[PDB]
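Breakdown of the fold
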Amino acid sequence: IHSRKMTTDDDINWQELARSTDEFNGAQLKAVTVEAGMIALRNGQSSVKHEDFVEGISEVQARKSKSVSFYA
Amino acid sequence: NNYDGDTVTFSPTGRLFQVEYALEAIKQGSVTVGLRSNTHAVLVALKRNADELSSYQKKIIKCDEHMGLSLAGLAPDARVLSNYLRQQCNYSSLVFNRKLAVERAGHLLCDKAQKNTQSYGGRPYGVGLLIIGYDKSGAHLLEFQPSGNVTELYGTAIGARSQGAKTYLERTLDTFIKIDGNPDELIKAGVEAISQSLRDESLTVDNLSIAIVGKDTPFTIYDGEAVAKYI
Amino acid sequence: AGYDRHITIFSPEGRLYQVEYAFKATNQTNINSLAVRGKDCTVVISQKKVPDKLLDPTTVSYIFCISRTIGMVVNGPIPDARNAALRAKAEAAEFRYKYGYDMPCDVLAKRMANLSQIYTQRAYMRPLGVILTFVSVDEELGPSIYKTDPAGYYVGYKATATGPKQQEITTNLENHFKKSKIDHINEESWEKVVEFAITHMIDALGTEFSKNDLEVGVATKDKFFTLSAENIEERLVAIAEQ
Amino acid sequence: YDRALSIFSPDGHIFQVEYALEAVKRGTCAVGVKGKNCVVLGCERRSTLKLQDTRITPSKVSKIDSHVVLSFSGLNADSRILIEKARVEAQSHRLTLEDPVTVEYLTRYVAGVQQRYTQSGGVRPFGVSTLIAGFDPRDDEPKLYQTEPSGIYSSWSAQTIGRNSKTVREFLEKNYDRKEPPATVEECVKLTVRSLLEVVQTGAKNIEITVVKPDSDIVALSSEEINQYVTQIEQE
Amino acid sequence: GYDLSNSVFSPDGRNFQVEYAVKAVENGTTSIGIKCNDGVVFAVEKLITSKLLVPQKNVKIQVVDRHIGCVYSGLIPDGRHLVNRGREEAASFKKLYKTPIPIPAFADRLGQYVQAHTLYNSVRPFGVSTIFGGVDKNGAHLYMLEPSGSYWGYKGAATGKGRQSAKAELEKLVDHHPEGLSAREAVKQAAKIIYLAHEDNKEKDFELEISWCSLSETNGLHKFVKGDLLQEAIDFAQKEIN
Amino acid sequence: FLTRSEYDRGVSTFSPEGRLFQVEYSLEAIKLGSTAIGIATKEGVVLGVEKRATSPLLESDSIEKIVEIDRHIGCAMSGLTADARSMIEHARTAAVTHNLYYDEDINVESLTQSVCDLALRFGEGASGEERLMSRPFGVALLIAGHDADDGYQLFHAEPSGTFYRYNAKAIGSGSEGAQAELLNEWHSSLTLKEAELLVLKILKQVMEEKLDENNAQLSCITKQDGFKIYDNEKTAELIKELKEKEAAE
């Protein structure tokens, strides 16, 4: 519903992304689709790949990584 | 700390919050995947180094020549429990001249958790174990929780991104049940299972740790260049 | 300190709120009991009520057989009731064992009282929330009633009642021994003392009864028995024909 | 009782060790300097109070063996416990291993002793710090050690503990020489007396000196002796 | 702050601890005990949480000695501890008196053990409801055991989330048969009322377990239902609810 | 100070983190330790410690942090040394026990692991074994050794009860400035003297006093000579030969 607004490429599969995100709330998910076009602007494009949404998973979630673990 | 403190309290929700805190020990743990066919059990564990000069920390402990456990969570707790399990397995060999059954040892482990959940000044253990073995009733994979819950599953996971492994196993479930007498296939399927639970933490030949048990094969741990056949 | 009343320690008033609170948990089943002395018997009645039909009525009880001559009637929650019953049976066995004759009711009253005192002197004991009535017929003291309470205090009685509305019953007993001018009913058959007791209970509580609404325990000489519903019904019928 | 009197602090410490150190700072001051053939322990005694019996009252320097002295700063009441344990160990060594203790071994023992009441439950540390000095038998090297309520032990060339030890320590950097001790016993004594007069002040009756020479010779100098030494320092 | 420990009281007669344990039990799955003329029939709803599980490979009904079935709801590990304790006590009785423990005697034992956990600051009261029963030589009996250390006799007992539905249905079953029914006939009824107690729980799918101890069909030993009998019970309920 | 913490009333209590807080605290007491640097090669293991003077009156050649476990295992302690006092005794005992039972040299790993079992006994009384500690140890060891079955090993033993095998490791206050350099300078083609001078190198940069043989101490474990503590003269020679190669840049 978000990505309909912006322009995507035609190699996108919306189940791939949905598998790889688990327990993401709609505000997070809005925050991936926006985040992909940041990365697209940095590469310098005019279309938004399917690889970018995948990198917006890590750059923006809810938490910065699992933490420092020293024997966890 | 209102009802959150102590392993003696309730909890107007009926709960206790110490248990959930201890399950966070699973969450900050590294992912491990277990799957069993009807002739082989396989645990595939993602070891993890502290830094480049450091080596990787073991994740699979041999309990017996037909029995193995792999930890997820705090190492120091895993250590108490593994000793205990070996103790009673050697016990059963001694007194009954019999291999210790998996189904049974889950229950023993259950009570051992319960009683540090009973008394004041105890704690719940912050380690969840996957225990595979091959006995006179065949292959078994048990899941052990900080709650003290033992469950029998075809294939399961614990750690971080455990969900992405479960979905994989939900698709390939009826595949690996029909594969029997070909341990190689089960191992490959577990490598693929734990590929879904990477943080771009690539599978190396000393980051992946395999351990198997078969009908015809004692418990074995593969590491080093023994894992390259599958990577 | 902020803790005076999570542990058993005096207050600035010089007191034990905790034990008070124990007395404020004896009226949760809201069972009432009435116990009177005959001339050669002791009679105690208690309510029976089941909140549901899907209980079996037989097992619902409050008259617990401790010795063969000492009956115990409990006011307060049933868990603590059972713990008290077990305590007392242990002590009874042990008295018979060490002294060579069955435990007297007096001795049991005091033993249980001292155990009570110990529960309110140790900082990690919770006191019982039960009032116990010990009914007996002794051969050295005659029919007797001893009442102990969560404090560890006990006292003798001519008659006594317990429950939330037991003041009504106190009125009844008071007036009865006022007229009689003597500390026990002069009746030479235990049946009629059951009858008298049920009469005072109907008058006091203001409500009529049935065989399944009662529970009756009788201490005669050298025995203790409980009546079943069938025999209770007969008492009720003989009341109307007085 | 098995509940902790020691709680771990997120600071990287344990509060009670810090508090112990403070307790040791409030205590009377001791100085230790070893010559080439002697050891000298000087200690402040508060004899400011009057009508004090001093004959029957133990000095603040306790002989723990025939050649090993212990002086202390901090809780006076507490120290006596350490002192009893140590005398006991001294006899044990002769019993099972034969040949009086060496200063180092005894120092190590005391170190473990104060350490144990940290790490154990049901106990608080001692707020006491000791200067252990003496000789090894068959030997004539003065060995001067310092133990502290952290349960950590140290060798020192010279050291000071107690109230306002910093002032005297600065003095010692500048009047004692790492390379050369004062070789005569008397000069060593007078160096330490001159040190003590920094803080102790208010006459020469609060000063106490014990001098130990090898071959098991522990002697404590009375007030008269000290009076003479002090007055010499005063004139110069 | 009278919610902090079990050995505290409150001036309302409440001991908040123990009430809170009931909310742990309210979190368990339906578990029913049908008292029949011939014995007892237990059934438990076993939620199938995932398609990765091994079905009919986990038992929530465990037997103690061989003639007392025990099925519990609430916290599964905690109830597990309780059952272990009861087996210790059963074996003790069996050694000491040369007979399998009576069901009322068993009841005494477990009730005391749970009552114990409210008298000490040191421990936490168990958050489980147990239903246990069977056939002894003085007949079939059924008991339900509270986390409070309370229990009563029952002609039908239930616990869990769909306890609402189950209790109502049991009321009906005693209105269909006021003289009771067969343990043979009760297999189908346990199926029925578990199914009815899963509409409050219809987020999921589940597996039905049934076990029974009756004198007429298992010869007084606690056995499990299987095979064609079990699947027939399943089908029975299935057709009723469609 | 008084960092916000919900739990400091238990010693085994959670922690919405999911891990113990006291263990966490323990690892923050190794950052005050005096730096111990340890370079593991395939030709021996070198343990260097800064002895840490605090006064010129303090005699610093009678204090040391190099502590012998046995002829073929050496150990360096950094952190709180009063705790190490106990642990090192226990380890010595363990080694002697193994040689009593088996007439055999103990594995470096087995020993490290035994002391990790020791570290995890804090508590009020819990699991099957009695707690004789109440608060965790705040001291970390670098256990170096050589066994004939895996060669030279260098292990970092934590107050956690966890052990990682390192190829080089620094602990103490200056541990991060040292480890950055370890990551870059170390390789598997080192020789014994090259690693030795490497230690003195990285010890220079974490030096808060000045480098000389009166606040710095070396020790080695070698296969056929055992554990040997370098005396001060030899250490001085090496320091000067560092200064020769430092003025060749």
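Residues numbered from 1 in each chain as written, not as in the entry; some residues may be left out. Chains lettered and ligands numbered in written order. Part of a larger assembly, values for the part shown. Heavy atoms only, no water.

In the PDB archive, cryo-EM is given as the structure determination method for this entry, at a resolution of 6.3 Å.

As annotated in the PDB entry, chain C is BJ4_G0020160.mRNA.1.CDS.1 from Saccharomyces cerevisiae.

Chain A has the name 26S proteasome regulatory subunit 6A in the PDB entry, where Saccharomyces cerevisiae is given as its organism.

What to know about the sheet that holds strand β4 (residues 67-73) of chain B
Sheet strands associate in pairs through backbone hydrogen bonding, adopting either a parallel or an antiparallel arrangement. Residues and elements named next belong to chain B. The cut-off we apply is this: When DSSP finds at least two bridges between two strands, those strands are taken to pair. We count a stretch as a helix when DSSP gives it H or I for four or more residues in a row; a strand needs E for two or more, and each element gets its number in order from the N terminus. For helices, the fitted line uses only the C-alpha atoms of the stretch in contact; every axis is such a line through C-alpha atoms, and the angle between N-to-C directions lies from 0 to 180 degrees. Contact between two residues is taken to exist if any of their heavy atoms lie within 4.5 Å; hydrogens are not considered.
Reading across from one edge, β3-β4-β5-β6-β7 is the order of the five strands in this open sheet, with antiparallel pairing throughout. With partners counted over all chains shown, the strands left at the sheet margins are β3 (60-64) and β7 (150-152), one partner each. Taken pair by pair, the neighbouring strands of this sheet meet at an average axis angle of 25 degrees, ignoring direction. Bridge count for β4 against strand β5 (residues 127-135) is seven bridges, and the pairing is antiparallel. By the bridge assignment for β5, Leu69 is matched with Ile131. Where helix α2 (residues 75-95) meets the sheet, it contacts β3, β4, β5 and β6 (138-144), and its direction lies at approximately 165 degrees from that of β4. Those strands touched by helix α3 (residues 102-118) are β4, β5, β6 and β7, and its axis lies near 15 degrees from that of β6.

A look at the interface of chain E and chain C
Heads up, the condition is: Buried area is a sum: the accessible area each of two parts loses on coming together, probed at 1.4 Å, counted once for each and added. Salt bridges are defined as contacts in which a side-chain nitrogen from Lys or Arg sits within 4 Å of a carboxyl oxygen from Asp or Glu. For the purposes of these results, a polar contact is taken to be a pair of N or O atoms within 3.5 Å, where, inside protein, one atom must be able to donate a hydrogen and its partner to accept one; residues adjacent in sequence count only when each atom of the pair is a side-chain atom.
Listed per partner, the contact involves 35 residues of chain E and 28 residues of chain C. For the pair chain E and chain C, the summed buried area comes to about 2,900 Å², and 55% of that belongs to carbon and sulfur atoms. When the area that chain E buries against chain C is broken down by residue, the three leading residues are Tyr2(E), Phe9(E) and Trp152(E), summing to 26%. For the pair chain E and chain C, the interface holds one salt bridge. Put simply, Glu171(E) and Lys53(C) hold a salt bridge, and the shortest N to O gap is 2.9 Å. Linking chain E to chain C there are 16 residue pairs in polar contact. Counting residues per element, the ones that place at least two in the side of chain E that touches chain C are α3 (103-116), β7 (151-153) and α4 (163-176) of chain E.

Structural notes on the pattern of salt bridges
Going by this rule: A 1.4 Å probe rolled over the protein chains alone gives each residue an accessible area, and that area as a share of the maximum for its type sets the label: buried under 20%, exposed over 50%, partly exposed in between.
Throughout the structure, instances matching the rule amount to 45 salt bridges over all chains. The closest approach of N and O atoms between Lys211(C) and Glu233(C), which form a salt bridge, is 3.9 Å. Remark: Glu233(C) occurs in helix α6 (residues 229-240) and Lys211(C) occurs in the loop between α5 (190-205) and β9 (214-219); sequence separation between them is 22 residues. For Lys211(C), a relative accessible area of 32% corresponds to the partly exposed category. Of the charged contacts, one joins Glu19(E) and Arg14(E) as a salt bridge, the two residues approaching to 3.6 Å between their closest N and O atoms. Here the residues in one salt-bridge network are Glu35(A), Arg42(A) and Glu59(A), joined through shared partners.

Re the interface of chain E and chain B
How we decide: Note on residue classes: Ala, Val, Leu, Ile, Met, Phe, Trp, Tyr, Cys and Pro are nonpolar, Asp, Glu, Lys and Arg are charged, and everything else, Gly too, is polar.
Residue-level contacts link 27 residues of chain E with 33 residues of chain B. Of the roughly 2,500 Å² buried where chain E meets chain B, counting both sides, 55% is carbon and sulfur surface. At the boundary of chain E and chain B, one finds zero salt bridges. When contributions to the side of chain E that touches chain B are tallied by element, the ones reaching two or more residues are α1 (16-25) and α2 (76-97) of chain E. The residue makeup of the side of chain E that touches chain B, split by class, is 13 nonpolar, seven polar and seven charged.

Considering the nonpolar core
The criterion, for reference: In this description, a nonpolar core means a group of buried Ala, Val, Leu, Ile, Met, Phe, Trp, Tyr and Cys residues linked to one another through side-chain atoms lying within 4.5 Å.
Counting residues in hydrophobic clusters, the biggest one holds 62 residues, and the most contacted among them are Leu85(B), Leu129(B), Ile131(B), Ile69(F) and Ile143(F). Excluding its chain neighbours within four sequence positions, the residues that come into contact with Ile131(B) are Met67(B), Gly68(B), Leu69(B), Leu85(B), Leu109(B), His140(B), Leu141(B), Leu142(B) and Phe144(B). Judged by nonpolar contacts, the second largest core, of 42 residues, contains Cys105(C), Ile61(E), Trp152(E) and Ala157(E).

Considering the sheet that holds strand β1 (residues 32-36) of chain B
Residue and element names in this part refer to chain B. The sheet built from five strands is open, its strands ordered β8-β1-β2-β9-β10 with antiparallel pairing. The open sheet is flanked by β8 (155-158) and β10 (220-222), the only strands paired with a single partner. When the angles between neighbouring strand axes are averaged without regard to direction, this sheet yields 15 degrees. Bridge count for β1 against strand β2 (residues 40-46) is five bridges, and the pairing is antiparallel. Residue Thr32 lies in a different strand from β2, and its bridge partner there is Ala45.

Things to note about empty space enclosed by the protein
Where empty space is left in the structure can be found by rolling a water-sized probe over the atoms. Rule in force here: Here the term cavity refers to a set of points on a 1 Å grid, laid over the protein atoms alone, in which a 1.4 Å probe fits but cannot get out; the term pocket refers to an open set having protein on both sides within 12 Å along at least five of seven lines, with lining residues being those that place an atom within 4 Å of a point. Grid points are joined across faces, edges and corners, and a volume is the space filled by probe spheres set on the points.
Tallied over the full model, the rule gives nine cavities of 30 Å³ or more. If you add up the space inside the largest cavity, you get close to 130 Å³. Residue lining of the largest cavity: 15 residues in total, with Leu85(B), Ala105(B), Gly106(B), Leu109(B) and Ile131(B) positioned closest to the centre. Listing elements by their share of the lining of the largest cavity, those giving two or more residues are β4, α2, α3 and β5 of chain B. Broken down by element, the residue count for the lining of the largest cavity peaks at five residues, all from α3(B). When its residues are assigned to classes, the lining of the largest cavity shows 13 nonpolar, two polar and no charged. Volume-wise, the second largest cavity comes out at about 100 Å³. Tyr71(A), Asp77(B), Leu20(F), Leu120(F) and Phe122(F) are, among the 13 residues lining the second largest cavity, the residues nearest its centre. Within the lining of the second largest cavity, the residues separate by chemical class into nine nonpolar, two polar and two charged.

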